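Just below is one structure, and these are the notes that go with it.
Positions of Cβ are generated from backbone atoms using ideal geometry, with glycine treated the same way; all protein chains shown enter the neighbour counts. What follows draws every value from the coordinates through simple rules; no lab data is involved.
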Amino acid sequence: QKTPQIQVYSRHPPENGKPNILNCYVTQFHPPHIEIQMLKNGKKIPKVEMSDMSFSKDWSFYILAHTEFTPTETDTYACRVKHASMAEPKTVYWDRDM
Amino acid sequence: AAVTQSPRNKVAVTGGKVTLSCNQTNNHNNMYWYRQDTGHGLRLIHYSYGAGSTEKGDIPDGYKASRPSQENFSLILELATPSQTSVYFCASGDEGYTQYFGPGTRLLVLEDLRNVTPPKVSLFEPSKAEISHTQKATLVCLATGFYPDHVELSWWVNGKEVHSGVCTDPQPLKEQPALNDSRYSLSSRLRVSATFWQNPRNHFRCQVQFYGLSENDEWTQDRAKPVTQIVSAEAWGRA
Amino acid sequence: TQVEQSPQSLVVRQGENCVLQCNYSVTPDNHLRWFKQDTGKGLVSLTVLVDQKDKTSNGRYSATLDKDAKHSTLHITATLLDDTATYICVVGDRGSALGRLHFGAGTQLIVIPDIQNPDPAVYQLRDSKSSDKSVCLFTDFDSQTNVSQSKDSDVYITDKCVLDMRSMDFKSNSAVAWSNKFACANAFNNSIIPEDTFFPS
Amino acid sequence: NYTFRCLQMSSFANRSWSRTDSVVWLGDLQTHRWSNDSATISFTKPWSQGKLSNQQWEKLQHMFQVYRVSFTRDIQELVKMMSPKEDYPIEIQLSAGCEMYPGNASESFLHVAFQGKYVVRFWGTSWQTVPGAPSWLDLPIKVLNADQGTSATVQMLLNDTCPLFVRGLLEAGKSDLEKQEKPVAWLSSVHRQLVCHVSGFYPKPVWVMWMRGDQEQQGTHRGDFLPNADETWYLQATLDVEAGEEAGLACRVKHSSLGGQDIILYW
Ligand SMILES: *[C@@H]1O[C@H](CO[C@@H]2O[C@@H](C)[C@@H](O)[C@@H](O)[C@@H]2O)[C@@H](O[C@@H]2O[C@H](CO)[C@@H](O[C@@H]3O[C@H](CO[C@H]4O[C@H](CO)[C@@H](O)[C@H](O)[C@@H]4O)[C@@H](O)[C@H](O[C@H]4O[C@H](CO)[C@@H](O)[C@H](O)[C@@H]4O)[C@@H]3O)[C@H](O)[C@H]2NC(C)=O)[C@H](O)[C@H]1NC(C)=O
Ligand SMILES: CCCCCCCCCCCCCC[C@@H](O)[C@@H](O)[C@@H](N)CO[C@H]1O[C@H](CO)[C@H](O)[C@H](O)[C@H]1O
Ligand SMILES: CCCCCCCCCCCCCCCC(=O)O
Ligand SMILES: *[C@@H]1O[C@H](CO)[C@@H](O)[C@H](O)[C@H]1NC(C)=O
Ligand SMILES: *[C@@H]1O[C@H](CO)[C@@H](O)[C@H](O)[C@H]1NC(C)=O
């Protein structure tokens, strides 16, 4: 069993009001059964795109969730991940820089 | 690469425990139990990949299986039923694709054993008219009054079973074609050269192996217990 | 039912050839085996075909397999009496022990024997331990003759049956009739027997 | 000098339930996918069929379709053969394909992993375990090697069909493989840790440094390559600094898309 590492980052440079895409990259986990949700202000974002699952040279899995988003002053975004390896869901929040 | 089964033939009552066994000295890891029913092909009941493993096959309902060792794989009918009347084949194999088949085991499951009866055997001696007209002598043997129909009729000459010159009826015929559990009769012929029959040192013998009750089957009737037995008739040659 | 055989049964005179069919839907198809089951006995292997377009022989038995068509035939050249049997088709879906075998129902061959020199007769045989009881034996008739069931129920007549004295290369049909209630001249009244039958005595 | 990869992932939860999902890469670009739900392999590029005819692809796809069903049952049967030694949940992973070298040259691989641990490979004319593998696999190996039909096919796939096919792809997908997309960069911060973000660049090789004048700040910590959805890449370089020491600092970025004119962002 292996823990997932999560990384939240935007496609284009973050400007308030301007449309964009928010990527969430989940890696180095085993087994491959995983639940991923991208959050806005706590609430689950409805139309989230998921890449096909794959794995690296060390047989550990990875996957890329992404979704359109428009960053603001007020709104915070996040990526929540449930896995058999972890006791409760892990949430990393978007840094506002990435 | 040989395989053996036991019993080769079995009569059982509904509700009885019946156990079919299969021995293999091949050191084959894998063993298989099938049943053949006129109409279908062989269908897999259970199988085993080594001592201690047993797997459900295609039609496993009603059969428990047992692999105590590498050599023996058993099929257990805990509560026998009429639907389990069949011919049961056993087979073994190594890591490759071949399965080496056993000789088969016939099982008849009856509703009740009340009508079970062994045969009377008669041996009828060659006609002098036949001896002179053809230079050949036809012995004829006659198993009668037996139920159920599980019998093996064999011919023996000076203690050694003869196959050449034999014919046995394909199926036994009913004494009482009307009745539900009628008794049967079965004929067989052995034809030899007239000089072989005229030689008075040739001992001819017709033997009927009757399969019936085990020594652990209950018997509430007055008559002799109709057990799995041999009945035979015998004749010497004469010039 | 992923393995079908044709014909279901067939009757042929000794000496004739015959082709047995086997078509299957099994996937994948590693190999195809033809078995031979004598009445009563178990499974004797004849051949195993393993290639996309394969052919084999085993004396008088020869066979083919086309895996694109998913079809196999078994030819028997110059049938003999011993060929009277059921012929089973079996497809294995792996080339290892991991696979399952899918069995066909079987084609039932029956071979009529070739009686060269008939000499039809009805003899009377006597019991060894008890002279009073006896049987009437109808023997030496060619395979054109059909032995008919008994007119009476208290009289018993068996069906015909062929023996083979292998050391003399001699075959003969025979049938037995008997009754407690009866004589051998009147025993086979109900069968259309040869008009030149030899009732002795 | 490209590498072709067929990654297969198979989960067996219990004796009845299972699933097998594949994906196919050529370098860092996805060329195929094959979900458990799909009965047929899906292209993820226009050029994914390569230089194969439609009828060649059909006979190849049908081989895989049949393999996938056969693969599942065989694993399930190998669990029965080994039990109680092993039982579910079981996670088998394959990695197969070939690497392409200039001229005629190529090597083929087929590596199998059990519960995330490389244990078996196809090599020469047979399956064999690797160093580290537990010794119980010896029986599974013995059984798989009995299947002389499977060996001949896998040999043909590794030796011929794969290296041939990949040459088809390389010619057929030149413009996508040799594509040049430009990075976009931006600055930010969180002692203080400045961060230089770069994104949208292809291919993967890129140079990213913090600078004061012509002097490379050797404190620069380079991050990992993270993928964007549009088949480009992302990468950030961070540098620790004293508060109020951000003046004079610039992020310089070189990439083959830019052609001489490098991106420089000043603070
Ligand atoms: C496909 O390519 C195979 C090799 O390619 C590698 O494996 C594939 C799957 C990919 O991973 C690819 O990227 C790799 O490059 C090729 O395998 C070769 O097959 C031949 C025979 O078919 C093998 O020859 C036999 O070798 C044994 C002994 O070999 C040992 O020692 C050598 C050291 O030199 C080691 O490298 C091996 O691993 C072995 O441990 C011989 O004893 C044997 O000789 C006997 O039989 C021949 C007749 O066939 C007689 O001439 C002799 O007198 C003997 O009676 C064989 O010669 C060869 O080992 C094997 N190579 C490797 C590297 O394993 C395969 O044939 C190709 N298949 C097709 C269909 O094209
Ligand atoms: C718990 C045990 C861990 C097991 C690890 C083993 C890893 C090996 C996994 C790859 C094995 C290959 C799987 C498929 C193979 O076994 C066959 O089932 C498949 N190739 C079908 O083969 C049959 O059909 C073929 C025609 O395409 C041939 O006729 C072949 O002979 C036949 O077996
Ligand atoms: C070129 C597109 C292929 C897509 C599907 C590939 C996923 C499986 C990769 C592993 C191949 C294993 C080879 C075994 C073949 C066989 O035994 O028939
Ligand atoms: C097998 O596992 C699946 C998913 O983990 C579950 O939904 C299913 O109920 C299980 N089946 C059995 C027969 O236990
Ligand atoms: C995967 O596909 C097979 C048939 O292709 C199906 O029987 C099985 O239930 C599928 N499993 C899941 C979890 O979807």
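Some observations on this one:
- Alpha-carbon Debye profile of the protein assembly as shown, log10 I(q)/I(0) at 0.06, 0.09 Å⁻¹: -0.60, -0.97
- Taking 0.36 nm per residue of separation and subtracting the Cα-Cα distance, full extension of the segment from D:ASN159 to D:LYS85 would add 23.1 nm.
- Restricting the calculation to alpha carbons of region B:1-140 gives Rg and Dmax of 20.3, 66 angstrom.
- Between region A:6-23 and region C:132-186, the Cα center-to-center distance that results, in Å: 100 Å
- Percent of C-alpha pairs per 5 Å bin, region B:48-118, short to long: 3, 12, 20, 24, 18, 11, 6, 4, 2, 1
- Ranked by the mean number of other Cβ atoms within 10 Å per residue, highest first, peptides A:12-20, B:71-79 order as B:71-79, A:12-20.
- Neighbour net charge for B:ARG114 - beta-carbon separation under 11 angstrom, K R +1, D E -1: -2
- Residue by residue along B:156-169, Cβ atoms of other protein chains within 10 Å of the local Cβ number 3 on average.
- For region B:1-142, size of Cβ-based charge dipole, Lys and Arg +1, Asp and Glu -1, in debye: 420 debye
- The D:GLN180 and D:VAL130 beta-carbon pair, evaluated with R₀ = 56 Å, returns a calculated FRET efficiency of approximately 0.90.
- Cross-link pairs beyond the 23 Å C-alpha cut-off, checked among D:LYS117/D:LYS204; C:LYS151/C:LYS181; B:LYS136/C:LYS151; B:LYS174/C:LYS133; C:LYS70/D:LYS51: D:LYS117/D:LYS204; B:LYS136/C:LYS151; C:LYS70/D:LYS51
- Rounded to the nearest 20 debye, the dipole magnitude of chain B is 840 debye, with +1 charges on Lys and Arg beta carbons, -1 on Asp and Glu beta carbons, and the Cα centre as origin.
- Straight-line cross-link reach from C:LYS67 at under 20 Å between alpha-carbon atoms covers these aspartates and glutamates, not counting any fewer than eight positions away in the same chain: C:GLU4, C:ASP29, C:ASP51, C:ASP54, C:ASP93, D:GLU58, D:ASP147.
- Between C:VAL44 and C:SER143, the FRET efficiency from the beta-carbon distance, with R0 = 25 Å, is close to 0.45.
- Estimated [θ] at 222 nm from DSSP helical runs (n ≥ 4, -39500 (n - 2.57)) normalised by residues in chain D, nearest 500: -7500 deg cm²/dmol
- Of the residues B:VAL13, B:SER92, B:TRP219, the one whose Cα sits farthest toward the positive end of the charge dipole of chain B, with +1 on the Cβ of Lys and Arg and -1 on the Cβ of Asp and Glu, is B:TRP219.
- For q = 0.13, 0.16, 0.22 Å⁻¹, Debye-computed log10 I/I(0) when each Cα of region D:1-143 counts as one equal scatterer: -0.67, -0.99, -1.54
- Extension gain from B:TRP156 to B:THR14, taking 0.36 nm per residue of separation minus the Cα-Cα distance: 47.6 nm
- Here each label is just a point 7 Å from Cα along the line to Cβ, and for B:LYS128 and B:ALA2 those points are 4.8 nm apart.
- Within-15-Å neighbourhood charge of D:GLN61 [Cβ basis; K, R +1; D, E -1]: +2
- Taking one quarter of the surface of the C-alpha convex hull of chain B gives a mean projected area of 16.5 nm².
- Total charge dipole magnitude, the protein assembly as shown, about the Cα centre, Cβ charges on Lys, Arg, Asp, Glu only, Debye to nearest 20: 880 debye
- Translational diffusion of region C:1-113, µm² s⁻¹ [Kirkwood Rh, Cα pairs; Stokes-Einstein; 25 °C; 0.890 mPa s]: 173 µm²/s
- Order by protection proxy (mean Cβ within 10 Å, highest first), peptides B:201-208, C:171-178: C:171-178, B:201-208
- Kirkwood-Stokes translational diffusion coefficient of region D:71-155, alpha-carbon pairs, 37 °C, 0.692 mPa s, µm²/s: 232 µm²/s
- Cβ-derived FRET efficiency at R0 30 Å, C:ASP154 paired with B:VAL231, nearest 0.05: 0.80
- Residue (of B:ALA1, C:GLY106, D:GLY200) at the positive-pole extreme of the protein assembly as shown, dipole from beta-carbon charges: B:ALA1
- Which listed pairs, of B:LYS120/B:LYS225; A:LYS2/D:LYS80; A:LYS18/A:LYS40; B:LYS10/B:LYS225; B:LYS56/D:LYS80, have C-alpha distances above 18 Å, in listed order: A:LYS2/D:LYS80
- What separates the Cα centres of region D:191-267 and region B:205-239 is a distance of 100 Å.
- Placing unit charges on each Cβ (+1 for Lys and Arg, -1 for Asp and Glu) gives the protein assembly as shown a dipole about its Cα centre, and among C:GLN14, D:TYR88, C:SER150 the Cα reaching farthest toward its positive end belongs to C:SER150.
- Spatial extent of chain D: Rg and Dmax, with the Cα atoms as the point set, Å: 23.8, 72
- Counting Cβ atoms of other protein chains within 10 Å of each residue's Cβ and taking the mean over peptide D:4-12 gives 2.
- Antiparallel bridge percentage (DSSP; both residues within region B:112-239; nearest 5): 95 percent
- Kirkwood hydrodynamic radius of region B:112-239, from inverse mean 1/r over distinct Cα pairs, in Å: 15.9 Å
- For residues of B:125-132, the mean tally of beta carbons on other chains within 10 Å: 6
- Amide N of region C:6-20 lying under 12 Å from the label point, which is placed 7 angstrom from the Cα of B:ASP58 along Cα→Cβ: none
- A simple count of charges around C:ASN58, restricted to other residues whose Cβ falls under 15 Å of its Cβ and scoring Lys, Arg +1 and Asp, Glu -1, yields +1.
- Cα centroid separation, region A:41-98 to region B:19-60: 52 Å.
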